[PDB]
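Novice: Mind having a look at this structure? Questions to follow.
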Amino acid sequence: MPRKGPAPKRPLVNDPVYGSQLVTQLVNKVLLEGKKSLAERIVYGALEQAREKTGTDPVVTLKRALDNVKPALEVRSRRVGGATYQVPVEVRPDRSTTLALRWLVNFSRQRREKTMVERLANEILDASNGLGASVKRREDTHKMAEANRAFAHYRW
Amino acid sequence: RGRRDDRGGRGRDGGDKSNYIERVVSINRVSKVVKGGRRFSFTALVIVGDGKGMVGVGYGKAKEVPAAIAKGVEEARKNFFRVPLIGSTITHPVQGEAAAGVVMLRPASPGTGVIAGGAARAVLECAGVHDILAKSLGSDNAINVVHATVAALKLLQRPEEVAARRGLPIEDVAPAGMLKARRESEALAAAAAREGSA
Amino acid sequence: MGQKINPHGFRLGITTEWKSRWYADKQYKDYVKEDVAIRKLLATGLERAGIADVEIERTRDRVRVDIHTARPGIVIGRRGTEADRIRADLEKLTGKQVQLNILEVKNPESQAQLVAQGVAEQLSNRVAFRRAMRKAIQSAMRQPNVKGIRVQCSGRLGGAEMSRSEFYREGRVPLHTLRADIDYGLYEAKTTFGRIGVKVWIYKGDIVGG
RNA sequence: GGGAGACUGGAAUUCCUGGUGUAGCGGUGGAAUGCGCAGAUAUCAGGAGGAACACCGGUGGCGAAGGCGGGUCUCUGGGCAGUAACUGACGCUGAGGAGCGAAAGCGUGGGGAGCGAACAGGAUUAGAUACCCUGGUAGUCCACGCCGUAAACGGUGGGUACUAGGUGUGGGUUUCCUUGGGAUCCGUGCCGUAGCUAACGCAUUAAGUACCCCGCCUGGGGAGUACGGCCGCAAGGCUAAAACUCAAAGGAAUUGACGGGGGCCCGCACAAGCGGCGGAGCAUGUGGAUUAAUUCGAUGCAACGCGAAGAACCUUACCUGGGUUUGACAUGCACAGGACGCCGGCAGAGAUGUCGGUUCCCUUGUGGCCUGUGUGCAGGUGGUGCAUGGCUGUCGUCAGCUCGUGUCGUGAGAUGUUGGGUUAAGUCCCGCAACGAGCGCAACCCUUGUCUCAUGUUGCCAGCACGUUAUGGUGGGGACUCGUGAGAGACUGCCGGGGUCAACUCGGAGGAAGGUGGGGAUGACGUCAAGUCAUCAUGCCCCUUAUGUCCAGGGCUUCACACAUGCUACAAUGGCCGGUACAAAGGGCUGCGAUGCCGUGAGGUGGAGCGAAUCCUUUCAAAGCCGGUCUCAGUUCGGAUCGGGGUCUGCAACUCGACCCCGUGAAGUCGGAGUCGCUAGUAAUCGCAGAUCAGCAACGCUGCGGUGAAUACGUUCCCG
RNA sequence: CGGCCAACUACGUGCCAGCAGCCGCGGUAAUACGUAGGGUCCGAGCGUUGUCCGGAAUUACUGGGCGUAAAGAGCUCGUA
């Protein structure tokens with residue numbers, strides 16, 4: 001389904017408890033394989049722990065962390081003539097939400113809390129303030145993009 | 001060309017009219033490289049003719065040998081060619097050229113025999129000649145010497161045709177010995193023909 | 001190389017019927033063993049005779065062995081002398097009693113098995129193989145009703161060292177079409193130089209006849 | 001822009017002096033030597049000096065050929081046309097001969113900006129005596145001479161006459177319209193007949209048709225080399241062999257393959273993701289080493305959980321030993337027979353031997369039966385897949401592969417099958433010296449998705465009745481399933497737009513489903529001397545007193561290693577205990593085996609009931625959900641290993657079975673270079689059944705269902 | 001007694017021993033090596049070697065060529 005053009009994608013239902021596209025998409029990216037129900041227990045429990053440490057709507061905290069990790073430019077690896085060129089490219093909306101949620105989950109998974117619920121709670125909170133390692137990966141990705149701005153012209 | 005002697009209880013071998021004289025001159029397997037190997041086919045240079053002096057030249061392409069011979073028979077069948085003679089000789093010395101094929105076809109006194117190489121010997125043994133004297137100069141081949149011999153027989157013409165081209169009463173076109181040979185050959189045509197009527 | 005499935009085994013559900021027909025629970029391995037030894041017993045003298053098909057219907061332990069051949073007269077010599085000898089040996093080799101029905105095909109040249117018989121038996125007899133075949137695609141043509149034929153011969157053709165396969169045909173022989181009614185027959189010539197395996201495909205018609 | 005001489009012009013590069021002015025400039029695929037920070041590169045003003053002539057300027061002019069382009073002046077060469085005034089064949093060619101003759105090179109004397117062999121450093125690289133970079137001498141320039149060579153090529157000696165044309169452009173004369181057109185002589189290109197040619201091509205500027213003179217060729221190397229001579233300051237040029245050796249070396253075109261060639265396309269090919277392998281332990285297989293034997297096969301992709309869908313004995317092909325001869329097994333001869341063969345007893349590892357009981361069925365000649373003694377002979381998992389058949393893999397489920405008849409070509413061959421668009425596709429349309437066919441692709445078939453009709457037990461249970469314990473359990477019922485038969489339904493059929501008004505493509509409706517709905521089965525012509533003489537069959541060769549055959553024991557399971565596919569892990573999305581909910585498919589006769597009882601548990605005792613929509617595999621699962629505990633640790637993670645104790649299968653678990661109980665408790669903290677799979681019910685994870693099978697090395701293979709994601713911007717890059 | 005070039009089968013050695021005018025035959029099924037049968041061609045002879053002409057239009061007077069196959073002097077002027 002590449003090389004024939006764009007392929008049609010599956011529509012994604014929203015969350016029952018919270019009512020967001022982004023909560024369910026966070027669940028499907030929490031899903032270490034097999035246990036979607038257990039992924040729902042991790043995401044739900046982590047967002048009620050975010051509800052405990054904020055006292056507000058958890059999806060607003062989620063979208064504010066999701067905004068504070070969301071990148072605007074990504075670097076490529078295109079190679080013109082015997083030298084590897086980091087090429088910076090504009091990021092689509094779905095690509096940016098994917099990098100935000102995927103970085104959020106993976107660098108929550110590196111973090112050292114006891115369960116997974118406390119990890120994901122503390123990573124959504126620290127990404128809401130801006131103090132997680134995932135925000136530092138957003139700043140390192142914009143570091144590679146702004147450091148490599150000149151190669152971006154190819155218009156590629 | 002093997003295993004031709006056969007007796008069949010089938011419908012027919014379809015033997016019929018035109019029992020002509022047919023000579024197969026040469027067969028060289030012709031190969032063609034394609035993806036993964038060689039494809040062998042077959043070429044048969046087929047001479048057909050009757051003893052009057054009508055000659056065919058056929059050129060058969062098939063991937064079986066009797067198939068190529070039969071296609072050369074049908075192609076020379078499609079394309080005959082008239083050869084003018086005197087008795088059973090040829091009229092006058094010619095040289096034919098088919099692009100490298102040189103053949104000199106010279107007449108001779110009768111009794112001498114068809115002296116020619118195997119391709120020219122084939123084209124002249126099918127034809128109505130019995131005593132001429134040829135030679136194949138250049139090109140050392142079968143196809144070019146057959147086709148050059150047929151071009152050489154296209155450079156032939158009647159004594160009468162020459163007389164007609166120049167608007168001259170024969171006698172006045174030939175010399176006399178060759179007119180005497182016309183009298184001899186038409187006289188034996190009369191003897192064998194009137195022995196053919198009775 | 002050519003990974004071509006046996007087409008009588010590729011249409012045995014759809015068009016071509018099974019050759020052996022019964023029902024068997026816990027008796028099946030025995031019926032298989034008897035079926036094998038019967039077909040070995042009908043290989044030799046009937047392959048002299050001109051055998052094409054060996055069907056075995058099997059009722060409540062009687063047996064019914066039926067053979068489709070091309071000469072009732074070599075299978076049935078003197079009445080009961082040539083028939084009841086092989087019939088009686090089928091009655092003794094099996095632990096059963098045999099009802100042998102023998103019947104003629106209205107032609108050969110349009111049984112693929114019998115075309116393979118006549119071709120390979122000519123090819124053991126030192127004839128020219130291209131005249132072998134191309135004599136067979138001849139006849140085996142025309143006859144009634146037959147919309148294609150395809151003859152392949154591999155092995156030491158003419159006694160040569162190389163094993164050259166040959167491939168002659170005429171008409172339409174579609175193998176991938178399942179409403180084909182193709183008869184197939186491979187029989188193997190036995191020369192002194194070796195064995196010349198002959199495959200014959202015969203496409204009778206488009207007719208499903210469902 | 002024919003040549004020579006003389007005088008002169010500007011733009012640009014470099015250096016120089018002087019301003020303005022600061023830390024980089026230069027260079028590259030990416031860099032570094034290099035020039036700078038003492039004032040560079042940059043910019044402005046002035047000066048020197050050399051060489052080359054932007055634009056006009058090109059398929060154009062001139063010259064015999066080399067060759068010739070800033071300008072002007074001076075001297076000089078040739079060509080063309082027009083008139084026909086003159087001479088009156090004075091023409092053509094030209095062996096030797098003299099002259100001219102690019103570039104490089106040579107001599108003597110000048111000149112020396114740019115470029116630049118050699119020559120350095122830098123870089124690249126395995127290594128660069130190379131390409132690329134920085135510098136750089138002879139040279140390139142002028143004067144005067146040498147040299148004499150070039151793909152000095154139109155690869156075509158010079159002269160002359162003739163042989164259909166069409167269209168450009170250069171020089172000049174004239175008839176007509178009145179610059180346009182015509183006609184003409186000379187020039188230079190592109191296309192084209194006839195003719196020619198081996199073919200490509202040439203084709204009035206011939207490679208055509210003919211005449212005149214000259215040069216030159218006689219297979220490829222050896223070799224344009226030696227010897228000798230001539231010229232030259234030298235480098236070298238010119239003239240020019242032989243021995244010897246090869247069976248060829250060549251020309252043009254054809255079909256393929258190939259390219260770090262071009263174009264257009266596709267595929268988990270990359271990208272975007274997800275999960276792995278490679279490190280640990282084990283399970284299997286292979287290499288290697290061992291061995292009495294480690295039977296034999298299969299080594300890129302396409303060998304290595306592969307022949308094996310089941311190695312304790314058997315299997316079994318191997319080894320030590322014990323036996324054996326018409327043999328373990330057939331059948332044809334002779335020859336004797338009368339029972340063969342059996343069920344035992346004994347000795348033996350067992351094969352086997354020796355004793356004990358039974359002794360034939362037809363007939364009169366033998367047959368059914370064997371043993372002998374021989375005879376042909378059987379038997380070989382002995383050899384050759386480079387003698388084969390059959391079966392199979394692979395390129396690739398890729399879109400291709402051909403043929404007939406016609407035409408084109410001396411021929412191999414081409415054409416068709418190329419072109420324009422389209423397709424999952426040589427699918428399909430429109431063109432076209434082709435017109436058609438065939439094997440493929442598609443379709444026919446199975447399964448999955450919806451409904452209709454038929455349909456009632458062993459299957460369902462709504463509406464009825466009866467159960468009480470336990471449930472369709474039971475009388476009953478066709479309503480729902482479901483089971484299996486027949487049938488409808490997807491066709492771009494219906495509407496909108498692009499389409500050449502063609503194919504086909506973008507959207508919409510209806511519909512269970514939308515555009516080959518999903519998955520199968522289906523492998524074209526051939527390739528690879530691919531695989532297999534061990535499934536079988538088989539040609540030829542070999543053994544026949546063993547390479548046959550019978551048995552016991554051993555081996556195929558050995559182990560300092562190395563590879564390969566898998567499984568369990570390294571933990572909290574987890575472990576352990578308790579409670580609880582949902583499958584699909586299958587399997588079953590000397591089989592599957594329930595309640596009950598005995599065990600802790602493998603299991604034991606027992607046999608209900610079933611050849612099975614019924615009985616049994618428990619009413620079937622596990623992951624799931626609810627709850628408790630564990631608190632990040634070499635641990636309540638992990639189970640290898642080792643000890644004790646058992647059960648079952650089998651004549652027999654030592655070498656070598658699985659399972660259970662108690663203890664024991666190792667490596668292992670997500671794994672280097674590299675690399676693999678996968679695009680939706682997919683990946684991932686979770687159990688279940690089956691074949692082979694007495695038992696099992698099953699973590700394998702084949703299937704069944706459960707829960708169930710992420711990503712695909714797009715063809716630049718790697719692979720086919 | 002491969003092909004040219006009239007005339008073929010078995011046995012024996014299986015890249016050996018050998019053959020051959022050129023093309024080329026021998027790697028355990030050779031019509032090409034050696035022996036046998038058999039055939040063919042010649043015949044008091046029949047093969048080999050050498051030397052010459054022929055085929056060779058391959059030094060082309062009769063009777064060849066020179067765009068790319070070997071082959072047009074680098075280009076002119078001009079003596080015989």
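Chain labels A, B, ... are given in the sequence in which chains occur in the structure tokens; within each chain residues are numbered consecutively from 1, and ligands are likewise numbered from 1 in the order shown.
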Give me every strand (DSSP E or B) residue in stretch 4-81 of chain A, going by DSSP on the backbone, as an MDAnalysis selection string.
Specialist: chainID A and resid 73:75 79
Novice: Could the residues in this selection be saved with N, CA, C and O atoms as a PDB file, in the first residue's frame?
Specialist:
ATOM      1  N   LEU A  73       9.220  20.094  13.627  1.00  0.00           N
ATOM      2  CA  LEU A  73      10.133  19.698  12.566  1.00  0.00           C
ATOM      3  C   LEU A  73      10.812  18.392  12.944  1.00  0.00           C
ATOM      4  O   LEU A  73      11.144  18.173  14.111  1.00  0.00           O
ATOM      5  N   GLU A  74      11.015  17.521  11.960  1.00  0.00           N
ATOM      6  CA  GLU A  74      11.739  16.275  12.159  1.00  0.00           C
ATOM      7  C   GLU A  74      12.901  16.222  11.179  1.00  0.00           C
ATOM      8  O   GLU A  74      12.816  16.782  10.081  1.00  0.00           O
ATOM      9  N   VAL A  75      13.986  15.573  11.581  1.00  0.00           N
ATOM     10  CA  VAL A  75      15.168  15.445  10.742  1.00  0.00           C
ATOM     11  C   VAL A  75      15.095  14.127   9.991  1.00  0.00           C
ATOM     12  O   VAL A  75      14.541  13.140  10.489  1.00  0.00           O
ATOM     13  N   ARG A  79      20.748  11.167   1.724  1.00  0.00           N
ATOM     14  CA  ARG A  79      22.173  11.182   1.419  1.00  0.00           C
ATOM     15  C   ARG A  79      22.410  11.623  -0.020  1.00  0.00           C
ATOM     16  O   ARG A  79      22.242  10.828  -0.949  1.00  0.00           O
TER      17      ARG A  79
END
Novice: Give me, as JSON, numbers by chain, all polymer residues having an atom no more than 12 Å from stretch 494-497 of chain D, counting only C-alpha atoms (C1' of nucleotides) and skipping those fewer than 5 positions away in the same chain.
Specialist: {"D": [505, 506, 507, 508, 509, 510]}
Novice: Give me, as a ChimeraX atom specification, all polymer residues having an atom no more than 12 Å from residue D:675, counting only C-alpha atoms (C1' of nucleotides) and skipping those fewer than 6 positions away in the same chain.
Specialist: /D:276-278
Novice: Could you take the residues named above and write them with N, CA and C atoms (P, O5', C5', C4', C3', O3' and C1' of nucleotides), as a PDB file, in the first residue's frame?
Specialist:
ATOM      1  P     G D 276       9.754  -8.126  21.763  1.00  0.00           P
ATOM      2  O5'   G D 276      10.778  -8.535  20.605  1.00  0.00           O
ATOM      3  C5'   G D 276      11.648  -9.648  20.742  1.00  0.00           C
ATOM      4  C4'   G D 276      11.680 -10.497  19.493  1.00  0.00           C
ATOM      5  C3'   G D 276      13.015 -11.161  19.176  1.00  0.00           C
ATOM      6  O3'   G D 276      13.265 -12.340  19.936  1.00  0.00           O
ATOM      7  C1'   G D 276      12.142 -10.165  17.212  1.00  0.00           C
ATOM      8  P     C D 277      14.625 -12.497  20.796  1.00  0.00           P
ATOM      9  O5'   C D 277      15.665 -13.111  19.763  1.00  0.00           O
ATOM     10  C5'   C D 277      15.320 -14.235  18.981  1.00  0.00           C
ATOM     11  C4'   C D 277      16.186 -14.340  17.753  1.00  0.00           C
ATOM     12  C3'   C D 277      17.684 -14.276  17.967  1.00  0.00           C
ATOM     13  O3'   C D 277      18.230 -15.480  18.489  1.00  0.00           O
ATOM     14  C1'   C D 277      17.103 -12.942  16.120  1.00  0.00           C
ATOM     15  P     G D 278      19.393 -15.455  19.607  1.00  0.00           P
ATOM     16  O5'   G D 278      20.583 -14.698  18.880  1.00  0.00           O
ATOM     17  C5'   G D 278      21.276 -15.287  17.793  1.00  0.00           C
ATOM     18  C4'   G D 278      22.420 -14.406  17.393  1.00  0.00           C
ATOM     19  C3'   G D 278      23.284 -13.921  18.554  1.00  0.00           C
ATOM     20  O3'   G D 278      24.291 -14.853  18.930  1.00  0.00           O
ATOM     21  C1'   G D 278      22.657 -12.078  17.204  1.00  0.00           C
TER      22        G D 278
END
Novice: Would you list which chain A residues are within 6 Å of chain D using only C-alpha atoms (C1' of nucleotides), as number ranges by chain?
Specialist: A: 2, 33-34, 81-82, 115
Novice: Go ahead and write the selection's residues with C-alpha atoms as a compact mmCIF listing (two decimals), in the first residue's frame.
Specialist:
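Okay, result24.txt is ready:
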# COMPACT_ATOMS: atom_id res chain seq x y z
CA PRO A 2 2.89 2.42 -0.47
CA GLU A 33 0.86 -6.47 23.02
CA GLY A 34 -2.20 -8.55 23.78
CA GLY A 81 26.58 12.22 -2.88
CA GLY A 82 28.77 10.49 -0.32
CA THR A 115 4.24 0.29 38.61
Novice: Residues of chain B no more than 12 Å from chain C, counting only C-alpha atoms: send them over as a ChimeraX atom specification.
Specialist: /B:1-6,8-11,63-67
Novice: Take the residues from that selection and put them in a file with N, CA, C and O atoms, as an mmCIF file, in the first residue's frame.
Specialist:
data_model
loop_
_atom_site.group_PDB
_atom_site.id
_atom_site.type_symbol
_atom_site.label_atom_id
_atom_site.label_comp_id
_atom_site.auth_asym_id
_atom_site.auth_seq_id
_atom_site.Cartn_x
_atom_site.Cartn_y
_atom_site.Cartn_z
ATOM 1 N N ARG B 1 16.383 -35.843 -42.358
ATOM 2 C CA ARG B 1 15.566 -36.602 -43.299
ATOM 3 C C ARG B 1 15.825 -38.101 -43.163
ATOM 4 O O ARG B 1 16.639 -38.671 -43.888
ATOM 5 N N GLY B 2 15.115 -38.736 -42.231
ATOM 6 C CA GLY B 2 15.229 -40.165 -41.977
ATOM 7 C C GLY B 2 13.837 -40.760 -41.820
ATOM 8 O O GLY B 2 12.864 -40.020 -41.622
ATOM 9 N N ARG B 3 13.754 -42.095 -41.930
ATOM 10 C CA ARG B 3 12.547 -42.903 -41.760
ATOM 11 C C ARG B 3 11.424 -42.496 -42.709
ATOM 12 O O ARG B 3 10.319 -42.164 -42.269
ATOM 13 N N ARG B 4 11.701 -42.518 -44.014
ATOM 14 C CA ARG B 4 10.714 -42.156 -45.022
ATOM 15 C C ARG B 4 10.060 -43.376 -45.660
ATOM 16 O O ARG B 4 8.947 -43.275 -46.184
ATOM 17 N N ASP B 5 10.738 -44.524 -45.637
ATOM 18 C CA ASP B 5 10.159 -45.739 -46.191
ATOM 19 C C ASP B 5 9.081 -46.283 -45.262
ATOM 20 O O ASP B 5 9.368 -46.765 -44.165
ATOM 21 N N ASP B 6 7.829 -46.206 -45.712
ATOM 22 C CA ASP B 6 6.710 -46.569 -44.854
ATOM 23 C C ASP B 6 5.501 -47.044 -45.652
ATOM 24 O O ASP B 6 5.246 -46.559 -46.761
ATOM 25 N N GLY B 8 1.397 -47.414 -45.002
ATOM 26 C CA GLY B 8 0.347 -46.978 -44.091
ATOM 27 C C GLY B 8 -0.998 -47.527 -44.540
ATOM 28 O O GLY B 8 -1.326 -47.484 -45.731
ATOM 29 N N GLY B 9 -1.773 -48.036 -43.582
ATOM 30 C CA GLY B 9 -3.147 -48.477 -43.817
ATOM 31 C C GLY B 9 -4.144 -47.338 -43.636
ATOM 32 O O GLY B 9 -5.342 -47.576 -43.452
ATOM 33 N N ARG B 10 -3.668 -46.096 -43.688
ATOM 34 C CA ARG B 10 -4.490 -44.912 -43.466
ATOM 35 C C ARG B 10 -5.267 -44.548 -44.725
ATOM 36 O O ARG B 10 -5.404 -45.367 -45.641
ATOM 37 N N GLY B 11 -5.804 -43.329 -44.739
ATOM 38 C CA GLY B 11 -6.642 -42.802 -45.825
ATOM 39 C C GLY B 11 -5.808 -42.744 -47.104
ATOM 40 O O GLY B 11 -6.103 -43.503 -48.043
ATOM 41 N N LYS B 63 11.297 -25.672 -37.593
ATOM 42 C CA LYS B 63 12.133 -26.288 -36.570
ATOM 43 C C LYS B 63 12.082 -27.811 -36.654
ATOM 44 O O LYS B 63 12.439 -28.504 -35.697
ATOM 45 N N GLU B 64 11.670 -28.344 -37.803
ATOM 46 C CA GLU B 64 11.878 -29.741 -38.166
ATOM 47 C C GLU B 64 12.389 -29.811 -39.597
ATOM 48 O O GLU B 64 12.013 -28.982 -40.432
ATOM 49 N N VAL B 65 13.224 -30.816 -39.881
ATOM 50 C CA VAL B 65 13.861 -30.902 -41.201
ATOM 51 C C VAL B 65 12.880 -31.234 -42.322
ATOM 52 O O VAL B 65 12.891 -30.519 -43.338
ATOM 53 N N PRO B 66 11.996 -32.255 -42.230
ATOM 54 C CA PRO B 66 11.054 -32.448 -43.348
ATOM 55 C C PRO B 66 9.998 -31.365 -43.434
ATOM 56 O O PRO B 66 9.416 -31.151 -44.505
ATOM 57 N N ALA B 67 9.742 -30.667 -42.327
ATOM 58 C CA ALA B 67 8.860 -29.509 -42.366
ATOM 59 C C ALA B 67 9.487 -28.370 -43.156
ATOM 60 O O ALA B 67 8.812 -27.713 -43.960
#
Novice: Near chain E, which residues of chain B fall within 12 Å when you count only C-alpha atoms (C1' of nucleotides), and what do they look like as a VMD selection string?
Specialist: chain B and resid 102 to 104 135 to 139
Novice: Using only C-alpha atoms (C1' of nucleotides), select each residue of chain D with any atom at most 7 Å away from an atom of chain C, and give the selection as a PDB file with N, CA, C and O atoms (P, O5', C5', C4', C3', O3' and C1' of nucleotides), in the first residue's frame.
Specialist:
ATOM      1  P     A D 387      24.934 -40.295 -14.801  1.00  0.00           P
ATOM      2  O5'   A D 387      24.151 -40.402 -16.177  1.00  0.00           O
ATOM      3  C5'   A D 387      24.813 -40.078 -17.391  1.00  0.00           C
ATOM      4  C4'   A D 387      24.061 -40.644 -18.548  1.00  0.00           C
ATOM      5  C3'   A D 387      22.591 -40.305 -18.535  1.00  0.00           C
ATOM      6  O3'   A D 387      22.312 -39.033 -19.095  1.00  0.00           O
ATOM      7  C1'   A D 387      22.831 -42.620 -18.769  1.00  0.00           C
ATOM      8  P     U D 388      21.096 -38.169 -18.504  1.00  0.00           P
ATOM      9  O5'   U D 388      20.241 -39.229 -17.676  1.00  0.00           O
ATOM     10  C5'   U D 388      18.887 -38.966 -17.362  1.00  0.00           C
ATOM     11  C4'   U D 388      17.969 -40.029 -17.906  1.00  0.00           C
ATOM     12  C3'   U D 388      16.520 -39.931 -17.446  1.00  0.00           C
ATOM     13  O3'   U D 388      15.739 -39.066 -18.255  1.00  0.00           O
ATOM     14  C1'   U D 388      17.316 -42.128 -17.095  1.00  0.00           C
ATOM     15  P     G D 389      14.527 -38.228 -17.610  1.00  0.00           P
ATOM     16  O5'   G D 389      13.423 -39.331 -17.283  1.00  0.00           O
ATOM     17  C5'   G D 389      12.700 -39.950 -18.328  1.00  0.00           C
ATOM     18  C4'   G D 389      11.741 -40.964 -17.791  1.00  0.00           C
ATOM     19  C3'   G D 389      10.680 -40.438 -16.845  1.00  0.00           C
ATOM     20  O3'   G D 389       9.577 -39.862 -17.517  1.00  0.00           O
ATOM     21  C1'   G D 389      11.637 -42.392 -15.952  1.00  0.00           C
ATOM     22  P     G D 438      -7.769 -19.982 -29.493  1.00  0.00           P
ATOM     23  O5'   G D 438      -6.565 -20.765 -28.816  1.00  0.00           O
ATOM     24  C5'   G D 438      -6.108 -21.975 -29.392  1.00  0.00           C
ATOM     25  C4'   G D 438      -4.716 -22.305 -28.939  1.00  0.00           C
ATOM     26  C3'   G D 438      -4.453 -22.166 -27.454  1.00  0.00           C
ATOM     27  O3'   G D 438      -4.988 -23.230 -26.687  1.00  0.00           O
ATOM     28  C1'   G D 438      -2.660 -21.235 -28.658  1.00  0.00           C
ATOM     29  P     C D 444     -15.550 -18.037 -10.850  1.00  0.00           P
ATOM     30  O5'   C D 444     -15.854 -19.471 -11.475  1.00  0.00           O
ATOM     31  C5'   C D 444     -17.052 -19.692 -12.204  1.00  0.00           C
ATOM     32  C4'   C D 444     -17.000 -20.982 -12.979  1.00  0.00           C
ATOM     33  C3'   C D 444     -16.808 -22.253 -12.159  1.00  0.00           C
ATOM     34  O3'   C D 444     -18.032 -22.766 -11.644  1.00  0.00           O
ATOM     35  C1'   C D 444     -15.316 -22.242 -14.001  1.00  0.00           C
ATOM     36  P     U D 522      -2.335 -26.480  -5.749  1.00  0.00           P
ATOM     37  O5'   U D 522      -2.730 -25.823  -7.144  1.00  0.00           O
ATOM     38  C5'   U D 522      -3.268 -26.631  -8.173  1.00  0.00           C
ATOM     39  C4'   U D 522      -3.884 -25.794  -9.246  1.00  0.00           C
ATOM     40  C3'   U D 522      -2.928 -24.976 -10.087  1.00  0.00           C
ATOM     41  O3'   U D 522      -2.328 -25.710 -11.146  1.00  0.00           O
ATOM     42  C1'   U D 522      -4.754 -23.636  -9.416  1.00  0.00           C
ATOM     43  P     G D 523      -1.187 -26.843 -10.954  1.00  0.00           P
ATOM     44  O5'   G D 523      -0.074 -26.307 -11.919  1.00  0.00           O
ATOM     45  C5'   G D 523       0.611 -25.208 -11.396  1.00  0.00           C
ATOM     46  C4'   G D 523       1.047 -24.213 -12.398  1.00  0.00           C
ATOM     47  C3'   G D 523       2.414 -24.555 -12.935  1.00  0.00           C
ATOM     48  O3'   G D 523       2.682 -23.788 -14.104  1.00  0.00           O
ATOM     49  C1'   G D 523       2.593 -22.945 -11.181  1.00  0.00           C
ATOM     50  P     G D 539      16.843 -52.638 -16.422  1.00  0.00           P
ATOM     51  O5'   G D 539      17.967 -52.017 -17.369  1.00  0.00           O
ATOM     52  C5'   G D 539      17.647 -51.575 -18.682  1.00  0.00           C
ATOM     53  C4'   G D 539      18.699 -50.647 -19.238  1.00  0.00           C
ATOM     54  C3'   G D 539      20.139 -51.093 -19.069  1.00  0.00           C
ATOM     55  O3'   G D 539      20.537 -52.091 -19.994  1.00  0.00           O
ATOM     56  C1'   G D 539      19.971 -48.848 -18.427  1.00  0.00           C
TER      57        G D 539
END
Novice: As number ranges by chain, list the residues of stretch 34-147 of chain A assigned to helix (DSSP H, G or I) by DSSP on the backbone atoms of this structure.
Specialist: A: 36-54, 58-69, 93-109, 117-129, 133-147
Novice: Give me the residues of chain D that have any atom at most 10 Å from an atom of chain B; for each, the nearest atom pair and the distance in Å, rounded to one decimal. Use only C-alpha atoms (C1' of nucleotides), sort by chain and number, and format it as a Markdown table.
Specialist:
| residue | atom | partner | partner_atom | distance |
| --- | --- | --- | --- | --- |
| D:197 | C1' | B:99 | CA | 7.8 |
| D:198 | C1' | B:100 | CA | 7.4 |
| D:254 | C1' | B:32 | CA | 9.0 |
| D:255 | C1' | B:33 | CA | 5.6 |
| D:256 | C1' | B:34 | CA | 4.9 |
| D:257 | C1' | B:35 | CA | 7.1 |
| D:410 | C1' | B:144 | CA | 6.5 |
| D:411 | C1' | B:143 | CA | 8.6 |
| D:412 | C1' | B:30 | CA | 7.2 |
| D:413 | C1' | B:32 | CA | 9.2 |
| D:526 | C1' | B:36 | CA | 7.4 |
| D:527 | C1' | B:36 | CA | 5.8 |
| D:528 | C1' | B:36 | CA | 9.7 |
Novice: For residue A:125, find every residue with an atom within 9 Å (counting only C-alpha atoms (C1' of nucleotides)), except residues of its own chain fewer than 5 positions away, and show them as a list in words.
Specialist: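 In the requested form, the answer reads residues 50, 53, 54, 61, 62, 65, 120, 130, 131 and 132 of chain A.
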Novice: Give me, as an NGL selection string, all polymer residues having an atom no more than 10 Å from residue D:137, counting only C-alpha atoms (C1' of nucleotides) and skipping those fewer than 4 positions away in the same chain.
Specialist: :D and (116-119)
Novice: For the atom pair atom CA of residue A:104 and atom CA of residue A:37, what is the interatomic distance in Å to one decimal place?
Specialist: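 Computing it gives 19.6 Å between the two atoms.
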Novice: How many Å separate atom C1' of residue D:335 from atom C1' of residue D:548?
Specialist: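 Separating atom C1' of residue D:335 from atom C1' of residue D:548 is a distance of 26.8 Å.
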